[PDB]
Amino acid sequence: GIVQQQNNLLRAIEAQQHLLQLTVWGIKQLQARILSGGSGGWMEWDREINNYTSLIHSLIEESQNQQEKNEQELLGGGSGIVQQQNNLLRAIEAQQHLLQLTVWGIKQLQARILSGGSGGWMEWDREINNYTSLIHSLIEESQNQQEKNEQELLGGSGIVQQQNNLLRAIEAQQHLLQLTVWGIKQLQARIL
């Protein structure tokens, strides 16, 4: 069932990307109300959002292609499955960069208009720190497992373990994403 599972992980990544684009929209609404110009790092933010967004689209497109290729070869192919794992990992890392950019943006806006000491903000800040550490450690573990599986291409269990790694990284990203949505709603309700 690895190929099918890879499809579900790819679909989760795509839906997380849409969700991320929505949060980026919300942040831009808020930035237009709170900030003046483009200093404090905002000019760069805008460009980097766009850079990682086009990178992620491109990784999703590559992953789709590999996914179709793997599905056409099910009856024959460890290397296609290992390759797809690399694609999913790269997409997850690019999404993590985007996520860190939205976290930075929410933190800059929050500091202008609200105390960081109340209304759920202290807990928000710890949870962001915790899930950021967790996601980084899962990405590093996925990178190590990916190198091991690639080392074993020269002709099972490493593959299953990497499926678990990817899934757990996607889960932790979803939690980070639900924290960013909460942050945005608190700011929206305050200042719009």
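By rigid core we mean the largest C-alpha set that fits within 1.5 Å across both forms. All residue numbers refer to positions in the sequence shown, first residue = 1.
Item to check | Which of 62-70 and 156-164 lies farther from this form in 5 other deposited structures of this protein, as RMS of C-alpha positions after a rigid core fit | outcome: Of 62-70 and 156-164, the stretch deviating more in 5 other deposited structures of this protein is 156-164.
Next on the checklist: For a rigid core alignment of each structure in 5 other deposited structures of this protein onto the shown form, which stretch has the higher root mean square Cα deviation: 146-154 or 127-135?
Outcome noted: With the rigid core fitted, 146-154 is the stretch that strays more in 5 other deposited structures of this protein.
Checklist entry - From residue 76 on to residue 77, does the model leave out none, 1 to 3, 4 to 9, or 10 or more residues of the deposited sequence? => result The entry leaves 1 to 3 residues without coordinates here.
Checklist entry - So which stretch wins on mean C-alpha B-factor, 87-95 or 113-121? => result Taking the mean B-factor of the alpha carbons in each, 113-121 is higher.
Checklist entry - Looking at the deposited entry, does 98-106 or 67-75 carry the larger mean Cα B-factor? => result On average, C-alpha B-factors are higher across 67-75.
Item to check | Out of 49, 32, 134, 167, highest CA B-factor residue | outcome: Max CA B-factor in the entry, restricted to 49, 32, 134, 167: 32.
Item to check | Entry-reported Cα temperature factor of residue 143, expressed as the chain third it lands in | outcome: It falls in the middle third of the chain.
Checklist entry - For residue 129, does the deposited CA B-factor place it in the lowest, middle or highest third of the chain? => result Lowest third - that is where residue 129 ends up once the chain's C-alpha B-factors are sorted.
Checklist entry - residue 55's Cα B-factor: lowest, middle or highest third of the chain? => result Its C-alpha B-factor, which the entry lists for residue 55, ranks in the middle third among residues of this chain.
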